[PDB]
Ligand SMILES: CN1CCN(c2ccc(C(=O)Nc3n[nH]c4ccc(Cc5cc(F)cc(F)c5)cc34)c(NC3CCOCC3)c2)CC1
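Starting off, we have a lone chain in the form deposited without this ligand, written out as C-alpha cells.
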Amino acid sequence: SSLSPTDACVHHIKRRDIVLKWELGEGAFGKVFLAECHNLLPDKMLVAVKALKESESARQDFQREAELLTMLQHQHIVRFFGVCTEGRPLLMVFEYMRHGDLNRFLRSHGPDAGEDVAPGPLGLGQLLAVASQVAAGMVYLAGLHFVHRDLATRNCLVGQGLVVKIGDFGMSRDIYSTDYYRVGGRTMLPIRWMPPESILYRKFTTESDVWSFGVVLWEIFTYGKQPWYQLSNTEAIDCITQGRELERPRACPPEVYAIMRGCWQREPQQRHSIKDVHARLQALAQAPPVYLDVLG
C-alpha cells in the first residue's frame, strides 16, 4: 500500500506448510509471526508471516498488494514468498530479517545503547554500507516508476550479515506513532520525512523520494534519532516549508552531509536522481580504509 505508480502471478503456500512459532509484532490491521515454512526453497526455513485482521474491501486490497509485492523482487527489497488464502486469516509470507527494523538496529548500535557487528557504535564504513543498500532499493523502485510514500529507517529491515532491505509489515503507524502527524480522521502523514511540495502542494513524486532518502541518510548518521526531534509537528512543518535544513550529524563527514544537502534542494527538478545519490554513497562504502579514515 506504501507504493504509488508514476492474480495468477501470486505464489501460493499451503497452510500446513506454515508452522507459527510466536508473535513478532502487532498493528491495528493485523499481527506478524515468526513461523517455520516447509518446502519453500530446496527443506525448512524461518519466515515472517503477516496475518490480515478480518472484509471484502480489505480482501481486494490484499490481492492488489500481493500482486504489487510479487512484481517487486530485488536484492534490496524484503523478499515476499507469497500468500496463504486457504481460509482465514489471510497470510502474506516474507523472509525473516533477524535484526528487525533499521531504526531499532541503529538505536541499539548507537552511543546511547556480536555475531554480525563489532562492539560499540557502528563505524563510518558500516553506516555507509547501510545508506548504500537503502539507496540501491530506491534506485530499483524509481526504475519501476514507483513512489514509496513512507521511506524511513523504520520501513527498512536488517538481516543476518547486516543485509539492509526496504520493507515493512504495515505496523509503523502503530509502533512509531510519533513519526506521524494525524490529519485524520484515519490519515497519518510522515511529515518529518516529507518535502515542501508534499506539505504545501500535496504532490509526491520520485523527486519527493530523493528528499525522504536524504532524511533516511540523516537518521542513519544520528543512529536512528527522529528528524526535528526538538520540534512539535506544526513547528516541523514550518521549518520544512520555510527552508530550514537538518543540521550535520556529529558522526557525519562534510562529504556525506553534501549528499544530504543535494537531496534537499527546494525545487524537485534541482535534486540529484536516486541513481547519482546511490553511486556517490556506494563509492564511499567500498572506498579503501586509507581514504575513509581521512573523511571521518
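So that the term is clear: the rigid core is the largest set of C-alpha atoms that superpose within 1.5 Å between two forms. Sequential numbering from 1, following the sequence displayed.
FYI, the form solved in complex with this ligand isn't displayed, but the following is about it.
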Three or more ligand atoms within 2.4 Å of backbone or C-beta counts as blocked, none as open; so place this ligand from its pose in the bound PDB entry by superposing the site C-alphas and call it. blocked
Any chance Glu207 has a heavy atom within 4.5 Å of this ligand in the bound PDB entry? no
Check whether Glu245 has any heavy atom within 4.5 Å of a heavy atom of this ligand in the bound PDB entry, and answer yes or no. no
Given that this ligand is not shown alongside this chain, does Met97 nevertheless sit within 4.5 Å of it in the bound PDB entry, heavy atom to heavy atom? yes
Does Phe29 make contact with this ligand in the bound PDB entry, using a 4.5 Å heavy atom cut-off? yes
Contact with this ligand in the bound PDB entry, heavy atom within 4.5 Å, among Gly82, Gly167, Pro190, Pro196 goes to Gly167
Just to confirm the contact call: exactly one of 212 to 220, 121 to 129, 199 to 207, 97 to 105 touches this ligand in the bound PDB entry at a 4.5 Å heavy atom cutoff, so which is it? 97 to 105
Let me know which residues along 66 to 86 have a heavy atom within 4.5 Å of this ligand in the bound PDB entry, or say none if there are none. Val78
After superposing the two forms on their rigid core, pick out the one entry in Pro253, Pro227, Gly30, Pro268 with a CA shift of 2 Å or more between the shown form and the other one. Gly30
If we fit on the core, is the Cα of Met171 displaced 2 Å or more between the shown form and the other one? yes
Explain in one word, closer or farther, how the Cα atoms of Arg107 and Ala28 are placed in the bound PDB entry relative to this form, where the distance changes by 3 Å or more. closer
Considering a change of 3 Å or more, are the Cα atoms of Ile175 and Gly100 closer or farther in the bound PDB entry than here? farther
